[PDB]
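Undergrad: When you get a sec, could you give me coordinates for this:
(2 chains, ligands or ions: 6)
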Amino acid sequence: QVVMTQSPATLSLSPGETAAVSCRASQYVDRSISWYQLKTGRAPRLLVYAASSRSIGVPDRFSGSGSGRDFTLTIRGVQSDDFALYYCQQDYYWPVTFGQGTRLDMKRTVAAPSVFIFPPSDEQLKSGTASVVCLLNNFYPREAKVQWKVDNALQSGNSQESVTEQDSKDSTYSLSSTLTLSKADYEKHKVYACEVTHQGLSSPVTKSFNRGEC
Amino acid sequence: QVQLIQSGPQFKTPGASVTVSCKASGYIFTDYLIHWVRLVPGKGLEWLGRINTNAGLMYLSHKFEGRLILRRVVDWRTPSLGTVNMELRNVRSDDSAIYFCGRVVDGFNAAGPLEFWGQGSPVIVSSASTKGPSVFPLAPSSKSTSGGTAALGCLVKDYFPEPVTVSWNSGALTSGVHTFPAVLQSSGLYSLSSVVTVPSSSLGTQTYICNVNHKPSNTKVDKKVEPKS
Ligand SMILES: [Zn+2]
Ligand SMILES: [Zn+2]
Ligand SMILES: [Zn+2]
Ligand SMILES: [Zn+2]
Ligand SMILES: [Zn+2]
Ligand SMILES: [Zn+2]
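TA: Numbering: from 1, shown residues only, chains lettered A, B, ... in the order given. Ligands and ions are numbered 1, 2, ... in the order given. See below for the structure:
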């Protein structure tokens, strides 16, 4: 299949600056390239078709260049309405293929997260499950990593996390991670910790509790 | 003018078949190819195939030949109304996503730049029926220090289908709240969290309660969050 590589993965900017998403193709494709804007809970919006044709209803600040294997989407006067995901699409060969997508953020000062850990509650351990929850509150940039350790044993595969929309007033993010276990395995070990890595943190941050320590 | 209305969100158990109908309006139906694209939440976009609404022929990507069939019905009476249905057999974990319906720009029947989309049709594949959530408190642990500000919340666990609403203090408390996107568990049941940032002194002196409403199950619940000692 024709692979399409987008760059960058993220792109932070403030209103007014100009942006440039580029989409590389694994092989030549005349000018059969399209661009789509994508917002949460909304259908994809076509910005450009045939590599350079601006679609109707799309502002003149959107523009698409490129040809062969290097194509670009440009937004001169970036505006609040333009913060969203953008994807490139090739139709020179079937099957159609898209790029991984670019996230267009809103830049601000780096802000490290406030890290909180929550142990499983009274009520839930009588039901038969243990849910340890780790909160990373009001941080930026969006890229952040969480590792879970029990008795310092690195946990894998038994965790899920969620990230919120970029807040429209602090322009920050928040992240929730849930480590789910059996009540049997929860009562097996003592220390539960949530290691957090981010650009705004000198070194890894670790929040923990001791199972049963008052 | 142009409009593409799709099915409402559907919930199927593994191995079953799903059908997503898309009704086109506002243009000559037999003059444009309809395409189908899946949006999987974590990953990206996926092309499923395309149908020639005139002759009814079907073209699909290899990943789906033999598992999916596109069929169109042209309207008895008028050329500006038609419906295209999609049917995917033996659905599995990998198939949960928002299935979109769209038609090409005028003149691009041979390609696939899609100008007009349907609202989207979420189809979740889970081994589960409608269920009400269990709501557990989340508070800082017994010997937990949080310099400056502290946090608490509600874990809304094991519910199906989406969605739920989560307020705090019946609305009076809104500053610092973060309610997170639900996550679908390997159980086929949804789990969600809603936390709030609060001063360390206030913890233990103010009444904080989460107000949950899972309308699909008729479940309404209020839970007081309190740190223990
Ligand atoms: Zn050419
Ligand atoms: Zn214009
Ligand atoms: Zn979670
Ligand atoms: Zn264990
Ligand atoms: Zn580490
Ligand atoms: Zn907060």
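Undergrad: so what does the helix ranked longest in chain A touch, helix or strand wise?
TA: Counting residues, the longest helix found in chain A (DSSP state H) is helix A:122-127. For helix A:122-127, the elements it packs on are strand B:134-138, judged by 3 or more Cβ pairs under 8 Å, 6 or more residues apart in numbering or on different chains; DSSP states H and E. Where C-beta positions appear, they are placed from N, C-alpha and C, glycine not excepted.
Undergrad: and the strand it packs on, which strands flank it?
TA: Paired neighbours of strand B:134-138 in the sheet (DSSP bridges): strand B:149-159 (antiparallel).
Undergrad: Quick check: what element follows the strand it pairs with along the chain?
TA: For strand B:149-159, the succeeding helix or strand toward the C-terminus, using DSSP states H and E, is strand B:165-168.
Undergrad: Domain-wise, how is chain B divided?
TA: For chain B, curated CATH domains gives the domain ranges B:3-125, B:134-225.
Undergrad: Kindly report the same for chain A.
TA: Split into domains by curated CATH domains, chain A comes to A:4-106, A:114-210.
Undergrad: Residue in chain B with the shortest distance to ligand 6?
TA: residue B:197 (3.5 Å; Cβ to the ion).
Undergrad: Residue numbers of chain A in contact with ligand 5?
TA: Those residues of chain A that sit near ligand 5, judged by Cβ under 5 Å from the ion, are A:195, A:204.
Undergrad: Can you name the residue of chain A nearest ligand 3?
TA: As assessed by Cβ to the ion, ligand 3 sits closest to residue A:178 within chain A, at 3.4 Å.
Undergrad: Give the bridge partners for that residue, please.
TA: residue A:133, residue A:160.
Undergrad: Nearest spatial neighbour of the residue of chain B closest to ligand 6, chain-adjacent residues omitted?
TA: Excluding the flanking residues, the one nearest residue B:197 by Cβ to Cβ, 6 or more residues apart in numbering or on different chains is residue B:176, at 3.5 Å.
Undergrad: burial count for the one you found?
TA: 15 (other Cβ atoms under 10 Å in any protein chain shown).
Undergrad: Same check on residue A:206?
TA: The number of residues packed near residue A:206 is 13, by other Cβ under 10 Å.
Undergrad: which SSE is it in?
TA: strand A:205-210.
Undergrad: Format the CA atom coordinates belonging to that strand as PDB.
TA: In PDB, the C-alpha atoms belonging to strand A:205-210 read as follows (Å, rounded to 0.1, in the frame of the first residue of the first chain):
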ATOM      1  CA  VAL A 205       8.000  12.500  39.500                       C
ATOM      2  CA  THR A 206       6.700   9.700  41.600                       C
ATOM      3  CA  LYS A 207       3.500   9.700  43.600                       C
ATOM      4  CA  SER A 208       2.700   6.700  45.700                       C
ATOM      5  CA  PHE A 209       0.800   5.200  48.700                       C
ATOM      6  CA  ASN A 210       1.600   2.200  50.900                       C
END
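Undergrad: Just the buried positions in it, please.
TA: Using 16 or more other Cβ atoms under 10 Å in any protein chain shown as the test for burial, strand A:205-210 gives A:205, A:207-209.
Undergrad: Just flag the most distant two among these.
TA: Using Cβ to Cβ, the pair of the buried residues of strand A:205-210 lying farthest apart is A:205 and A:209, separated by 14.7 Å.
Undergrad: The residue nearest to residue B:197 is in contact with residue B:202, isn't it?
TA: No - look at residue B:176 against residue B:202 with Cβ atoms under 8 Å: they stay out of range, at 11.0 Å.
Undergrad: and of the domains of chain B, who's closest to ligand 5?
TA: It's domain B:134-225; of those, that one is closest to ligand 5 (Cβ to the ion) at 20.4 Å.
Undergrad: check contacts around whichever residue of chain B sits closest to ligand 3.
TA: Chain B approaches ligand 3 most closely through residue B:193 (4.8 Å), counting by Cβ to the ion. Listed by Cβ atoms under 8 Å, 6 or more residues apart in numbering or on different chains, the contact set of residue B:193 reads A:133, A:135, A:162, A:176, A:178, B:138, B:153-156, B:179-180.
Undergrad: what's the closest of those to residue B:53?
TA: For those, the nearest to residue B:53 is residue A:162 (39.6 Å; Cβ to Cβ).
Undergrad: element containing the closest one, please.
TA: Residue A:162 is located in strand A:159-163, with elements delineated by DSSP H and E.
Undergrad: Ok, residue A:137 next?
TA: Using DSSP H and E, residue A:137 maps to strand A:129-139.
Undergrad: residues touching the residue nearest to residue B:46 when sequence neighbours are not counted, list them.
TA: Excluding the flanking residues, the one nearest residue B:46 by Cβ to Cβ, 6+ apart is residue B:38, at 4.4 Å. Applying Cβ under 8 Å, 6+ apart to residue B:38 gives the contacts B:45-46, B:48, B:97-100.
Undergrad: out of the residues you listed, which are inside strands?
TA: Using DSSP state E, the subset of the contacts of residue B:38 located in strands is B:45-46, B:48, B:97-100.
Undergrad: what distance separates the helix or strand that contains residue B:23 from the centre of its chain?
TA: Residue B:23 is part of strand B:18-25, with elements assigned from DSSP H and E. From the chain centre to the centre of strand B:18-25 is a distance of 17 Å (Cα atoms, centre = their mean, to the nearest Å).
Undergrad: Show me which positions of it end up buried.
TA: Buried residues in strand B:18-25, counting neighbours by 16+ other Cβ under 10 Å, are found at B:18, B:20-25.
Undergrad: Of the residues you listed, which is the nearest to ligand 4?
TA: Looking across the buried residues of strand B:18-25 and measuring by Cβ to the ion, the closest to ligand 4 is residue B:18, at 38.1 Å.
Undergrad: Surely the closest one touches residue B:88?
TA: Yes - at 5.5 Å, residue B:18 and residue B:88 qualify as touching, with contact defined as Cβ under 8 Å.
Undergrad: quick one: common contacting residues for the two?
TA: residue B:95.
Undergrad: Can you tell me the SS state at the residue nearest to residue B:142 when sequence neighbours are not counted?
TA: In space, and not counting its chain neighbours, residue B:142 is closest to residue A:214: 5.1 Å by Cβ to Cβ, 6+ apart. Here residue A:214 is recorded as coil under DSSP: H, G, I helix; E, B strand; the rest coil.
Undergrad: Could you check how far residue A:214 is from residue B:147?
TA: 21 Å (Cβ to Cβ, to the nearest Å).
Undergrad: and if you look at residue B:177?
TA: To residue B:147, residue B:177 is 21 Å away according to Cβ to Cβ.
Undergrad: Give me the residue at the spatial middle of chain B.
TA: Nearest to the geometric centre of chain B sits residue B:122, at 5.1 Å (Cα atoms, centre = their mean).
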